[PDB]
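Naming follows writing order (A, B, C and D), and every chain is counted from residue 1.
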Amino acid sequence: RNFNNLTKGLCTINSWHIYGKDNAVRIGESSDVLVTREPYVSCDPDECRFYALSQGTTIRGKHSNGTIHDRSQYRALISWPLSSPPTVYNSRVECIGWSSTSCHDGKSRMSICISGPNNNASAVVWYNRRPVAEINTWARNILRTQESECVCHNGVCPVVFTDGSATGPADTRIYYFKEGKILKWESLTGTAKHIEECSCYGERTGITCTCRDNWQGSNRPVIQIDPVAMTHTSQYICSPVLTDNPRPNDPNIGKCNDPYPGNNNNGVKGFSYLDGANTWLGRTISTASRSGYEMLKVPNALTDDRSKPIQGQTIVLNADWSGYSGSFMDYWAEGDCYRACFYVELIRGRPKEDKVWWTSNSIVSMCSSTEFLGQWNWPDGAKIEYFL
Amino acid sequence: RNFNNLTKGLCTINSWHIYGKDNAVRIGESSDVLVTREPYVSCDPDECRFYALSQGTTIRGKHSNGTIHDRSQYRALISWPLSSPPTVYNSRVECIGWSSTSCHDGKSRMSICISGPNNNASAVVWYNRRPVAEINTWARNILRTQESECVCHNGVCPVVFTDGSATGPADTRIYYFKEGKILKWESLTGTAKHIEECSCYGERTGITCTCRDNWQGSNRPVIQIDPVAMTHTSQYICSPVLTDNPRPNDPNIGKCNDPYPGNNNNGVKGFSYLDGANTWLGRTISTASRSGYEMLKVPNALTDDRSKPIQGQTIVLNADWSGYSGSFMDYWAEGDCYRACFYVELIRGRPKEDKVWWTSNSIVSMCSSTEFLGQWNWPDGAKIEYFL
Amino acid sequence: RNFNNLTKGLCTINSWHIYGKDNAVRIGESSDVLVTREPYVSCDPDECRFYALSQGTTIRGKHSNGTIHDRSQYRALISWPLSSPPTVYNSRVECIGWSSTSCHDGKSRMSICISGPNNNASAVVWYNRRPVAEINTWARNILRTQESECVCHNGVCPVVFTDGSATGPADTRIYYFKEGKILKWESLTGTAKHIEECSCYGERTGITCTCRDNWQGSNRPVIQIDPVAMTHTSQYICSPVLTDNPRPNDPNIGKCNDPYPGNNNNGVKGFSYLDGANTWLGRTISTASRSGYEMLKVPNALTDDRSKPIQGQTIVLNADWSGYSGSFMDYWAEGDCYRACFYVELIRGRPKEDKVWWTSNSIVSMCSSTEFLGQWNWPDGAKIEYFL
Amino acid sequence: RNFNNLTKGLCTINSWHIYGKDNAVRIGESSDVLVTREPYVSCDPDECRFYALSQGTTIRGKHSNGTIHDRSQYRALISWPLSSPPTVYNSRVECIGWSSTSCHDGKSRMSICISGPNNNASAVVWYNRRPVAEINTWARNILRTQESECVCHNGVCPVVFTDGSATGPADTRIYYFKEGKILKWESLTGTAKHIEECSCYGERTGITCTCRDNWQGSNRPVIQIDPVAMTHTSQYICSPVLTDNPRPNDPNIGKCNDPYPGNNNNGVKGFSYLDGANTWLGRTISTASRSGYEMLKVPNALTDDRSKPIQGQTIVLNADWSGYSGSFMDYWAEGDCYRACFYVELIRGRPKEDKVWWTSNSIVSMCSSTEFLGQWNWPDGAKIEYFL
């Protein structure tokens, strides 16, 4: 086996087609399905799998009570076969913790989980299913990472971490791993003012990450990483099509180098594909809450502070709950280009649906098509009343 | 690995022997068995598996309520080991959608699922477990396909699609795929007047598909495909042994080039093996409803408008519910001929059994023997009262 | 891979050690464990597995009601990992039917299942997981076979079948298969007067089968098969240590060539290892019912009509229910001799425990040791009251 | 494949990081999780797995009643994927019995299970999943072994057994196996006065086992084994940091060659890593009961009868139940040193929590880091009240 190199451009995105959906909450009403949140998708050279943070209980289990909670000793990164639900019997534990990332370099998979109390957390880096390196908290305030897949080039896999405040300046680092070993780390540079939960993808130009500014911004910060030189820059998506949640209404002029103001101390993990005229942005439909999901074709969104949509696709109706979203691609697929993909976390339960005492999710996932395909909408599909 | 070529004739069919049966509804009374419908069987070079459209819920789950419904966002093509039931824990999702086909070409498997609203549906073509091609609706009226396996020759796998009315002229296309890529498509030609849910098999002569005329005909339309030239013809089974359901009583003269009249706007997926004196037709025993199933040896049924049975075998008693039926063969088995096989869907629940609120099925499957074997009958075997 | 040859003698049997136990009924009180009966054990070159006839329902499922029944359309031969219980999720279906045998020839496994009504049953012979040959009933009276593993030599695998009365002369045939194909069959010859449910093992001398005379005999008939010449002989175990159930008390003179009288029209599947001074016989402890199980060292039991035990080992206490027992060996193990093994079916439920409406079993299995090991006893271990 | 050789030293231990945790009791509240106790961890060259003694019932099953019991016919050594819980559907049975050890030699795994009544127990030694050797009780008083992994060097795998009193002098033997065959055994020599449940690890110096003196000592006995010469010595950990439970308070002078007095006829399985200045000891926090767990860096603990801690890490808070603990390492990991690892059994149910009628456990596991990582605590996490 050889390390994968990022040698192709993105395929032209003219629409999105259904890729996967697990209907986990529907099935878990009467099956041993693990409570999860913060899911993602990641491919190996021979298989693509769903990933998420388990809560160490099933949905019907009495221990599902209180699972709105973010960080406990009972969480772990698990993976399971594409479009199956995360069950007790089919889920593989990658590592123990409450914040994660994972990616395959072409030879083996690296998985990283962070665990610990708020003031003493640590990352353990696994490679080929063995622990290889460990990183202690540097700011003693909830060391945390991407919650979706990392990306590798010629064996080098960059990962973005943040340690420090969720509501002010924090200490973000970009780590460069190879075979789970730390090659290098560097402090965040550039104009992004707050960085959390980066969603990344790679192509011949380099690695692009779209992140969450949890402090002042409702535009999304972007980190662009050169995995060969092991350097990066940062800024914001310039477009006035704002893609954080909650967020103000779309103005006519965005901000390239500072947070767009209006909503403080909140946000959601999200993603984009920034590729000139082939640029597509994801966002919740609601500006107030994690509901609905849409894709919008916004040419040169990264660099054009006046850019507006020229095409779109609804993924989840505004009437339905969404949640986290992130990017992944099958780097090992056939063809001359990388097909852009994404997932949307469909959160059910608390805080929005409080007649149940749990919080979980299901997953829907799409990839791009060069066709102009008809659109459907993709709800979680569970009826909360059945759980009462 | 090499692409499979269709180089053999059919084995002589003198009776049918039991091949597989999953007892899914019996077991699902107290196990996490997925609600399904539209099942089939398909072989890989090293394994044969059951396939069906899941409804994204188990039978005992409260979400089984309403599963008479044909098209929802919670359906997916799943496969699972031969004669096991389709469980949450053993089912592999092939793709997402509510109409499907799947076949192995000798090297890898192609699976096709259609999803979307009635007026904006699309097919996604998967090959070696990756999405490769997409096809948008051309008539904006429930794009739909075979609901049983396709067949390949030297890497070319033809698939029959229909888009348009279920009760009048529609737009049927034959697509020719290789490694999931579209080589060619063509509009239906010949004398078949309405085409749905083709059941196909291959042999040295070419590929033969027996379909459902949902409009005016109670005889079955036939499409014969040359996978090398990538051309086809169509007509009806000439025999007065009528094999659609519901249907009129058998006359003494059938129709080769037009629907045999009596029942409009209905039908069921079915199959036949058309092989001169070795011809066998499948049909429900009832002329009114999906109950019972029998095989009838009808020499030259395809071409002889006077042909009647000379031998038969009851598969499912008239007193027991049947449903869809279709053809498959193990193209990778040893020997000098291809052994004809088929499955029968045994539908339980709605609309016929309305004391439960779900609709599901189990599977029975047979293959041919050159012996003259004794016959049994093969009911689903579940007692509906247990589910109340 | 090469066909296995029987080139070794039996290891010296000085005691029996625990080999496997699945505790299926205990676990099935609260897990999705399939109802079974007629279990056995059989080895592949790389794995040994448990086998049994499923009833197509779990124990806790309502369809377990009535499973005392021997022959239904919902039965199948299943296999599952050694000492695990037969669950819905881990059981592999080998073929469909209500009487079976199975064995590996060194290259692939042959499995045979019989299904059908009493007067029209048929065997389907599977090889490398594909149907290869079929055999129709020859006496139209419950065609039936071993219910434990067959044995192969240089690709030839003999199997004993019976068709006809359970209470008078019947038509027994020995079939010789290779790669699932029928090489030859022959009618029973020799002095055995009634043959059912043969338990077989192989060694350099040939294949030895210990069977059940259901008609007049309480001594066990023996068939000795030469798999090279494809011929056989038959007689009874000469020893007055009688090993059928029910049975008279042990006399001082047994019968070599005729049934030992006292109990008619009943019996149980059992086994022995006939090896001169290394001979061990299995039997229920009770003479009246299927309770208890013991092994007895009876030198030259096959040929000496005065032979009595000189050593023994209790396997299951008389106070505990037993059932069928049969032989198997790991022909692919290391060393200079074949280690004798056996299983005992531990039947729970009806007819002996009629407060439940089901009949199932668990399995215990032992292999021989050249040590003189201490003995324990091995009950099923389930408490019937828990199922009420 | 080649036999593994112990060619490296221990990595420098500066802290411990989370390795695995199965949350078995939490999940088993509503899933088919087997009741277990006496768990451990052991690695193959390509996978690391959890091990334990099943009780042949799930936790929610009615047969969980009475599982405080140590030795029954329904126990077996099972293994299952790292950090998954031991379920009916994912657990592999290694052998049948109520005391065990298991280890991989680089080519295949040896597993040993002891079963039988107190006065007639026997060990069966399995190699590459086949029974190879058997050992009868030599003192007729609960033949018993390590309850955690053994260690191999160049194919030789030493195992410590004890037969005889739990409250006075007993007969301890060290057996040396290769491919499951007995090379040699020897009686215990040295100054250890009572030996049970040895926890072992290997490195270039040889194999080191830390055991339980159940008779008079609250310091732990140590056996040091040379697997090449196949010889051993024994003594106690000299340190006044006492690590058995229950135990007296830590004095200022320990005992090298005799039991440290204060608590008789009790103990718990435990472990240590004895490596000069890199020495770390594990122990329960409570001196009275199996609650809490901590690691303490005690330089030269083995040889220095005045040695005290200079660093530590809490693993489980005193308020939470612990239990057995033992050592394992991934001998097949990359790098120049062996990374020390351990597990802690977290016992729930009886005798400490008697509102339920069962006894089970979950597992937490850690490995060493050369970093000085922040510490968390790792409770079982289940709420007993949910089981009422």
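In the analysis below, a contact is a pair of C-beta atoms (placed from the backbone, for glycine too) under 8 Å apart; a residue touches a chain by one contact, two chains touch by 3 or more.
Labels paired with UniProt names: A, B, C, D = Neuraminidase.
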Message = Validating interface symmetry: for the copies subunit C (Neuraminidase) and subunit D (Neuraminidase), is the fraction of residue numbers used by both over half? Same or different.
response = different
Inquiry  = Report the inter-centroid distance (CA atoms only) between subunit C (Neuraminidase) and subunit D (Neuraminidase) in whole Å.
reply    = 40
Inquiry  = Rounded to a whole Å, what is the gap between the Cα centroids of subunit A (Neuraminidase) and subunit C (Neuraminidase)?
reply    = 57
Query = If you look at subunit D (Neuraminidase), which of its residues touch at least two other chains?
reply = 32, 89
Category of the chain touch graph - line, ring, star, complete, other = ring
Request  = Would you please name all pairs of chains that touch?
outcome  = A-B, A-D, B-C, C-D
Inquiry  = Touching residues of subunit C (Neuraminidase) toward subunit D (Neuraminidase) in the complex: what are they?
reply    = 17-21, 23, 26-27, 29-33, 47-48, 81-85, 87, 89-90, 330, 333-334, 339, 367, 369, 371-379, 381-383, 386
Key: subunit C (Neuraminidase) residues within the subunit B (Neuraminidase) interface of the complex   = 32, 34, 56-58, 60-63, 72-74, 76, 88-89, 91-93, 95-97, 113, 115-117, 119-122, 124, 129-132, 134-137, 179
